[PDB]
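Colleague: So I've got this file, structure.pdb, and it contains PDB, C-alpha atoms:
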ATOM      1  CA  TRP N   6     -33.520  48.820 -54.216
ATOM      2  CA  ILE N   7     -36.266  47.954 -51.758
ATOM      3  CA  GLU N   8     -39.075  49.351 -53.900
ATOM      4  CA  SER N   9     -37.678  47.672 -57.010
ATOM      5  CA  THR N  10     -37.177  44.224 -55.472
ATOM      6  CA  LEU N  11     -40.644  44.322 -53.903
ATOM      7  CA  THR N  12     -42.228  45.223 -57.239
ATOM      8  CA  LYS N  13     -40.307  42.315 -58.752
ATOM      9  CA  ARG N  14     -41.576  39.858 -56.143
ATOM     10  CA  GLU N  15     -45.143  41.160 -56.388
ATOM     11  CA  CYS N  16     -45.123  40.799 -60.173
ATOM     12  CA  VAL N  17     -43.195  37.487 -59.779
ATOM     13  CA  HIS N  51     -41.991  42.756 -28.581
ATOM     14  CA  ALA N  52     -43.264  41.584 -31.969
ATOM     15  CA  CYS N  53     -45.279  43.315 -34.679
ATOM     16  CA  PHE N  54     -46.891  41.866 -37.798
ATOM     17  CA  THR N  55     -47.725  44.330 -40.583
ATOM     18  CA  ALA N  56     -50.858  43.430 -42.521
ATOM     19  CA  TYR N  62     -37.254  46.053 -32.572
ATOM     20  CA  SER N  63     -37.991  43.141 -34.890
ATOM     21  CA  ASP N  64     -41.257  42.880 -36.799
ATOM     22  CA  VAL N  65     -42.452  40.181 -39.188
ATOM     23  CA  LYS N  66     -44.787  40.829 -42.108
ATOM     24  CA  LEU N  67     -47.961  39.323 -43.539
ATOM     25  CA  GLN N  73     -43.737  43.297 -50.648
ATOM     26  CA  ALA N  74     -40.680  42.640 -48.489
ATOM     27  CA  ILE N  75     -41.930  40.011 -46.033
ATOM     28  CA  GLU N  76     -39.370  40.325 -43.245
ATOM     29  CA  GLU N  77     -38.884  37.759 -40.510
ATOM     30  CA  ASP N  90     -37.538  35.009 -48.200
ATOM     31  CA  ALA N  91     -36.793  38.732 -48.192
ATOM     32  CA  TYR N  92     -35.545  39.680 -44.716
ATOM     33  CA  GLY N  93     -35.519  43.416 -45.336
ATOM     34  CA  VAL N  94     -33.456  45.356 -42.815
ATOM     35  CA  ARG N 151     -37.185  44.936 -70.461
ATOM     36  CA  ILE N 152     -34.347  45.594 -68.020
ATOM     37  CA  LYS N 153     -36.793  46.145 -65.143
ATOM     38  CA  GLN N 154     -38.214  42.665 -65.668
ATOM     39  CA  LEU N 155     -34.863  41.038 -66.437
ATOM     40  CA  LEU N 156     -33.158  42.319 -63.306
ATOM     41  CA  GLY N 157     -36.522  41.951 -61.595
ATOM     42  CA  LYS N 158     -37.451  38.439 -62.713
ATOM     43  CA  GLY N 159     -33.867  37.204 -62.735
ATOM     44  CA  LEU N 160     -33.249  37.283 -59.003
ATOM     45  CA  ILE N 161     -36.655  35.693 -58.435
ATOM     46  CA  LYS N 162     -35.601  32.612 -60.392
ATOM     47  CA  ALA N 163     -32.246  32.892 -58.619
ATOM     48  CA  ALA N 164     -33.836  33.077 -55.166
ATOM     49  CA  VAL N 165     -36.592  30.476 -55.497
ATOM     50  CA  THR N 166     -34.363  27.663 -56.740
ATOM     51  CA  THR N 167     -31.893  28.149 -53.871
ATOM     52  CA  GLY N 168     -34.111  29.378 -51.032
ATOM     53  CA  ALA N 169     -32.396  32.671 -50.334
ATOM     54  CA  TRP N 170     -32.557  35.624 -47.959
ATOM     55  CA  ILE N 171     -32.713  38.797 -50.010
ATOM     56  CA  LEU N 172     -31.617  41.592 -47.727
ATOM     57  CA  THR N 173     -32.506  44.834 -49.641
ATOM     58  CA  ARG N 261     -25.655  48.678 -41.281
ATOM     59  CA  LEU N 262     -23.674  47.101 -38.450
ATOM     60  CA  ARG N 263     -26.499  44.636 -37.796
ATOM     61  CA  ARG N 264     -26.544  43.908 -41.530
ATOM     62  CA  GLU N 265     -22.820  43.219 -41.914
ATOM     63  CA  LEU N 266     -22.786  41.320 -38.626
ATOM     64  CA  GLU N 267     -25.684  39.235 -39.931
ATOM     65  CA  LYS N 268     -23.720  38.501 -43.101
ATOM     66  CA  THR N 269     -20.392  37.684 -41.485
ATOM     67  CA  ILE N 270     -22.174  35.408 -39.009
ATOM     68  CA  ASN N 271     -24.578  33.954 -41.586
ATOM     69  CA  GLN N 272     -21.644  32.950 -43.807
ATOM     70  CA  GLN N 273     -19.949  31.140 -40.904
ATOM     71  CA  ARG N 274     -22.842  28.664 -40.774
ATOM     72  CA  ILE N 275     -22.678  25.030 -42.010
ATOM     73  CA  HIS N 276     -25.019  23.137 -44.347
ATOM     74  CA  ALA N 277     -26.323  19.610 -43.764
ATOM     75  CA  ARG N 278     -23.511  17.326 -44.982
ATOM     76  CA  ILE N 279     -21.379  20.062 -46.536
ATOM     77  CA  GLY N 280     -18.332  21.684 -44.989
ATOM     78  CA  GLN N 281     -18.750  25.115 -46.556
ATOM     79  CA  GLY N 282     -20.555  28.191 -45.358
ATOM     80  CA  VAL N 283     -23.660  29.884 -46.702
ATOM     81  CA  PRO N 284     -22.491  31.965 -49.651
ATOM     82  CA  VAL N 285     -23.161  35.708 -49.788
ATOM     83  CA  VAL N 286     -23.500  37.672 -53.039
ATOM     84  CA  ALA N 287     -23.680  41.456 -53.267
ATOM     85  CA  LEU N 288     -26.012  42.607 -56.031
ATOM     86  CA  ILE N 289     -25.164  46.310 -56.239
ATOM     87  CA  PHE N 290     -26.899  46.632 -59.602
ATOM     88  CA  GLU N 291     -30.005  48.085 -57.940
ATOM     89  CA  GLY N 292     -28.317  49.814 -54.994
ATOM     90  CA  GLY N 293     -27.027  47.015 -52.774
ATOM     91  CA  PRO N 294     -29.481  44.091 -52.431
ATOM     92  CA  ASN N 295     -27.450  41.274 -50.880
ATOM     93  CA  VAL N 296     -28.783  37.876 -51.890
ATOM     94  CA  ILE N 297     -27.696  35.236 -49.396
ATOM     95  CA  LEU N 298     -27.882  32.012 -51.407
ATOM     96  CA  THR N 299     -28.809  29.119 -49.061
ATOM     97  CA  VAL N 300     -30.250  30.211 -45.760
ATOM     98  CA  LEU N 301     -31.565  28.109 -42.913
ATOM     99  CA  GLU N 302     -35.355  28.757 -43.486
ATOM    100  CA  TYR N 303     -35.748  30.150 -39.954
ATOM    101  CA  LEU N 304     -39.024  30.813 -38.168
ATOM    102  CA  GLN N 305     -39.336  34.154 -36.414
ATOM    103  CA  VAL N 310     -33.517  35.079 -35.300
ATOM    104  CA  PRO N 311     -31.147  33.542 -32.669
ATOM    105  CA  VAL N 312     -28.467  34.217 -35.281
ATOM    106  CA  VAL N 313     -29.611  37.845 -35.236
ATOM    107  CA  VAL N 314     -29.367  37.644 -31.431
ATOM    108  CA  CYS N 315     -25.785  36.424 -31.815
ATOM    109  CA  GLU N 316     -25.001  39.161 -34.358
ATOM    110  CA  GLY N 357     -22.451  56.287 -52.087
ATOM    111  CA  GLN N 358     -22.471  52.604 -52.998
ATOM    112  CA  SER N 359     -19.242  52.616 -55.025
ATOM    113  CA  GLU N 360     -17.434  53.069 -51.711
ATOM    114  CA  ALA N 361     -19.442  50.093 -50.424
ATOM    115  CA  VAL N 362     -18.327  47.790 -53.241
ATOM    116  CA  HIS N 363     -14.789  47.973 -51.869
ATOM    117  CA  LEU N 364     -15.863  47.061 -48.326
ATOM    118  CA  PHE N 365     -16.996  43.630 -49.501
ATOM    119  CA  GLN N 366     -13.860  42.776 -51.427
ATOM    120  CA  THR N 367     -11.635  42.783 -48.339
ATOM    121  CA  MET N 368     -13.790  40.429 -46.232
ATOM    122  CA  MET N 369     -13.145  36.706 -47.282
ATOM    123  CA  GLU N 370     -14.608  37.080 -50.730
ATOM    124  CA  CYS N 371     -18.159  38.537 -50.857
ATOM    125  CA  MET N 372     -18.378  38.399 -54.665
ATOM    126  CA  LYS N 373     -20.162  41.476 -55.997
ATOM    127  CA  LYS N 374     -22.277  41.368 -59.153
ATOM    128  CA  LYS N 375     -23.090  44.788 -60.632
ATOM    129  CA  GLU N 376     -25.127  44.804 -63.842
ATOM    130  CA  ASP N 390     -26.325  36.391 -70.300
ATOM    131  CA  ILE N 391     -29.172  35.835 -67.848
ATOM    132  CA  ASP N 392     -29.340  37.420 -64.392
ATOM    133  CA  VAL N 393     -30.376  34.035 -62.971
ATOM    134  CA  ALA N 394     -27.193  32.143 -63.787
ATOM    135  CA  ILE N 395     -24.907  35.160 -63.409
ATOM    136  CA  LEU N 396     -26.048  35.872 -59.849
ATOM    137  CA  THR N 397     -25.449  32.299 -58.714
ATOM    138  CA  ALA N 398     -22.517  31.691 -61.064
ATOM    139  CA  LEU N 399     -20.707  34.675 -59.541
ATOM    140  CA  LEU N 400     -19.712  32.419 -56.633
ATOM    141  CA  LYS N 401     -17.698  30.135 -58.924
ATOM    142  CA  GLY N 402     -15.184  32.907 -59.634
ATOM    143  CA  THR N 403     -13.116  32.901 -56.454
ATOM    144  CA  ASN N 404     -10.099  30.720 -55.658
ATOM    145  CA  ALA N 405     -12.213  27.785 -54.390
ATOM    146  CA  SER N 406     -11.529  24.222 -55.522
ATOM    147  CA  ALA N 407     -13.482  22.632 -58.370
ATOM    148  CA  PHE N 408     -14.944  20.091 -55.959
ATOM    149  CA  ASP N 409     -16.349  22.858 -53.772
ATOM    150  CA  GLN N 410     -17.785  24.515 -56.874
ATOM    151  CA  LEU N 411     -19.688  21.293 -57.400
ATOM    152  CA  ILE N 412     -20.927  21.036 -53.816
ATOM    153  CA  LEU N 413     -22.279  24.585 -53.936
ATOM    154  CA  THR N 414     -24.331  23.545 -56.944
ATOM    155  CA  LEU N 415     -25.287  20.362 -55.123
ATOM    156  CA  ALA N 416     -26.642  22.166 -52.061
ATOM    157  CA  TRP N 417     -28.699  24.104 -54.574
ATOM    158  CA  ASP N 418     -30.894  22.154 -56.948
ATOM    159  CA  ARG N 419     -29.120  23.753 -59.881
ATOM    160  CA  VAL N 420     -27.798  21.312 -62.446
ATOM    161  CA  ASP N 421     -27.646  24.038 -65.087
ATOM    162  CA  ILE N 422     -24.753  25.696 -63.308
ATOM    163  CA  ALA N 423     -22.967  22.410 -62.681
ATOM    164  CA  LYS N 424     -22.956  21.275 -66.314
ATOM    165  CA  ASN N 425     -22.095  24.604 -67.864
ATOM    166  CA  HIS N 426     -19.770  26.117 -65.269
ATOM    167  CA  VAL N 427     -18.414  23.257 -63.133
ATOM    168  CA  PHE N 428     -17.923  20.578 -65.806
ATOM    169  CA  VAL N 429     -16.158  22.821 -68.301
ATOM    170  CA  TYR N 430     -13.584  20.966 -70.405
ATOM    171  CA  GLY N 431     -10.159  20.993 -68.819
ATOM    172  CA  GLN N 432     -11.581  21.065 -65.287
ATOM    173  CA  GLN N 433      -8.776  18.778 -63.957
ATOM    174  CA  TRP N 434     -10.744  16.831 -61.347
ATOM    175  CA  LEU N 435      -9.042  14.953 -58.564
ATOM    176  CA  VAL N 436      -8.815  11.203 -59.200
ATOM    177  CA  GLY N 437     -11.017  10.586 -56.178
ATOM    178  CA  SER N 438     -13.625  12.707 -54.391
ATOM    179  CA  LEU N 439     -15.898  13.066 -57.384
ATOM    180  CA  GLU N 440     -16.918   9.724 -55.937
ATOM    181  CA  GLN N 441     -17.571  11.618 -52.696
ATOM    182  CA  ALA N 442     -19.924  14.084 -54.370
ATOM    183  CA  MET N 443     -21.502  10.976 -55.839
ATOM    184  CA  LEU N 444     -21.982   9.882 -52.235
TER     185      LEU N 444
END
Rewrite the structure of this file - the entire thing - as structure tokens.
Modeller:
Amino acid sequence: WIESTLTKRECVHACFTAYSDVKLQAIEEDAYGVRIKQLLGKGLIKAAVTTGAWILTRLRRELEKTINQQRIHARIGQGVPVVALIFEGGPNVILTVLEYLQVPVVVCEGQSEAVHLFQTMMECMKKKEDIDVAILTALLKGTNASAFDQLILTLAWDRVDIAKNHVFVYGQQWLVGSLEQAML
């Protein structure tokens, strides 16, 4: 969990460590903390750098998720997508956060019995375990969302490698228009 994700990132009223406290290891405010070791360790790093995520590592936490997901991107209708990574005990990678400086959102806010909590709220796709980079972000293309929205999620990210392999699969059945709109 928290000790494993911090060792991954290290290997690659206000307080500052050198009641909300920033840091200056889980640098709260990236990680807003509230073989297989380096694959699950170095996989979510390449999944969190290329999208600019908030790794989370309980009521304030779930309120922060259900209010973080109701946010809007720049030109995109959808909300910030939340993934539960319960492989290491519950880290919850939020895929495209708003790069905040240290918080008004937070003002406005075993584990196998916590898997089932997520699957009754909207979706909250849970990945529990191929590369951990593309599985963690490609877990969001498994709900009932439209193929166009699966493209715009990849387009808010910088990730072409998902969009070729998992959004332009043969037999995708695109709409006759609106691929023109993602072109816009």
Colleague: Check the smallest atom-to-atom distance from each of N:283, N:74, N:405, N:443 to residue N:168 using all atoms listed in the file, then report the winner.
Modeller: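 The closest residue to residue N:168 is N:283.
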Colleague: For residue N:301, which of N:268, N:276, N:151, N:373 is the closest residue, counting all atoms listed in the file?
Modeller: N:276
Colleague: Which residues match the PyMOL selection byres ((chain N and resi 53-62) around 12) in the file above, as a count of residues only?
Modeller: 17
Colleague: Applying 12 Å and all atoms listed in the file, which residues near residue N:441 remain after dropping the ones on its own chain fewer than 2 positions away? List them as a list in words.
Modeller: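 Here the qualifying residues turn out to be residues 278, 279, 408, 409, 411, 412, 415, 435, 436, 437, 438, 439, 443 and 444 of chain N.
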Colleague: Those residues with C-alpha atoms, as a PDB file, in the coordinates of the input please?
Modeller:
ATOM      1  CA  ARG N 278     -23.511  17.326 -44.982  1.00  0.00           C
ATOM      2  CA  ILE N 279     -21.379  20.062 -46.536  1.00  0.00           C
ATOM      3  CA  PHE N 408     -14.944  20.091 -55.959  1.00  0.00           C
ATOM      4  CA  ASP N 409     -16.349  22.858 -53.772  1.00  0.00           C
ATOM      5  CA  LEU N 411     -19.688  21.293 -57.400  1.00  0.00           C
ATOM      6  CA  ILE N 412     -20.927  21.036 -53.816  1.00  0.00           C
ATOM      7  CA  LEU N 415     -25.287  20.362 -55.123  1.00  0.00           C
ATOM      8  CA  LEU N 435      -9.042  14.953 -58.564  1.00  0.00           C
ATOM      9  CA  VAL N 436      -8.815  11.203 -59.200  1.00  0.00           C
ATOM     10  CA  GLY N 437     -11.017  10.586 -56.178  1.00  0.00           C
ATOM     11  CA  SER N 438     -13.625  12.707 -54.391  1.00  0.00           C
ATOM     12  CA  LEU N 439     -15.898  13.066 -57.384  1.00  0.00           C
ATOM     13  CA  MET N 443     -21.502  10.976 -55.839  1.00  0.00           C
ATOM     14  CA  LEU N 444     -21.982   9.882 -52.235  1.00  0.00           C
TER      15      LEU N 444
END
Colleague: I need the residue set behind the PyMOL selection byres ((chain N and resi 12) around 12) for this file; please write it as a PDB file with C-alpha atoms, in the coordinates of the input.
Modeller:
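Final file, selection_22.pdb:
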ATOM      1  CA  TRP N   6     -33.520  48.820 -54.216  1.00  0.00           C
ATOM      2  CA  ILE N   7     -36.266  47.954 -51.758  1.00  0.00           C
ATOM      3  CA  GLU N   8     -39.075  49.351 -53.900  1.00  0.00           C
ATOM      4  CA  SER N   9     -37.678  47.672 -57.010  1.00  0.00           C
ATOM      5  CA  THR N  10     -37.177  44.224 -55.472  1.00  0.00           C
ATOM      6  CA  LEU N  11     -40.644  44.322 -53.903  1.00  0.00           C
ATOM      7  CA  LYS N  13     -40.307  42.315 -58.752  1.00  0.00           C
ATOM      8  CA  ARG N  14     -41.576  39.858 -56.143  1.00  0.00           C
ATOM      9  CA  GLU N  15     -45.143  41.160 -56.388  1.00  0.00           C
ATOM     10  CA  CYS N  16     -45.123  40.799 -60.173  1.00  0.00           C
ATOM     11  CA  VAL N  17     -43.195  37.487 -59.779  1.00  0.00           C
ATOM     12  CA  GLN N  73     -43.737  43.297 -50.648  1.00  0.00           C
ATOM     13  CA  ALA N  74     -40.680  42.640 -48.489  1.00  0.00           C
ATOM     14  CA  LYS N 153     -36.793  46.145 -65.143  1.00  0.00           C
ATOM     15  CA  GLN N 154     -38.214  42.665 -65.668  1.00  0.00           C
ATOM     16  CA  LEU N 156     -33.158  42.319 -63.306  1.00  0.00           C
ATOM     17  CA  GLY N 157     -36.522  41.951 -61.595  1.00  0.00           C
ATOM     18  CA  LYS N 158     -37.451  38.439 -62.713  1.00  0.00           C
ATOM     19  CA  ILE N 161     -36.655  35.693 -58.435  1.00  0.00           C
TER      20      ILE N 161
END
Colleague: Adding 4 Å on each side of the box along x, y and z that holds all listed atoms of stretch 295-299 of chain N, could you give its centre and edge lengths in Å to one decimal, as JSON?
Modeller:
{"center_x": -28.1, "center_y": 35.2, "center_z": -50.5, "size_x": 9.4, "size_y": 20.2, "size_z": 10.8}
Colleague: Here is a test: counting all atoms listed in the file, which residue of N:420, N:266, N:395, N:152 is nearest to residue N:288?
Modeller: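 Smallest distance to residue N:288 is found for N:395.
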Colleague: Report as an mmCIF file with C-alpha atoms, in the coordinates of the input all protein, DNA and RNA residues lying within 9 Å of residue N:269, evaluated on only C-alpha atoms, omitting residues in the same chain fewer than 6 positions from it.
Modeller:
data_model
loop_
_atom_site.group_PDB
_atom_site.id
_atom_site.type_symbol
_atom_site.label_atom_id
_atom_site.label_comp_id
_atom_site.auth_asym_id
_atom_site.auth_seq_id
_atom_site.Cartn_x
_atom_site.Cartn_y
_atom_site.Cartn_z
ATOM 1 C CA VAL N 285 -23.161 35.708 -49.788
ATOM 2 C CA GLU N 316 -25.001 39.161 -34.358
ATOM 3 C CA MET N 368 -13.790 40.429 -46.232
#
Colleague: To one decimal place in Å, what is the distance between atom CA of residue N:163 and atom CA of residue N:394?
Modeller: 7.3 Å
Colleague: What does the structure give for the distance between atom CA of residue N:440 and atom CA of residue N:300, in Å to one decimal?
Modeller: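 Answer for the atom CA of residue N:440 to atom CA of residue N:300 separation: 26.5 Å.
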Colleague: Which value, in Å to one decimal, gives the distance between atom CA of residue N:425 and atom CA of residue N:374?
Modeller: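 We find that atom CA of residue N:425 and atom CA of residue N:374 lie 18.9 Å from each other.
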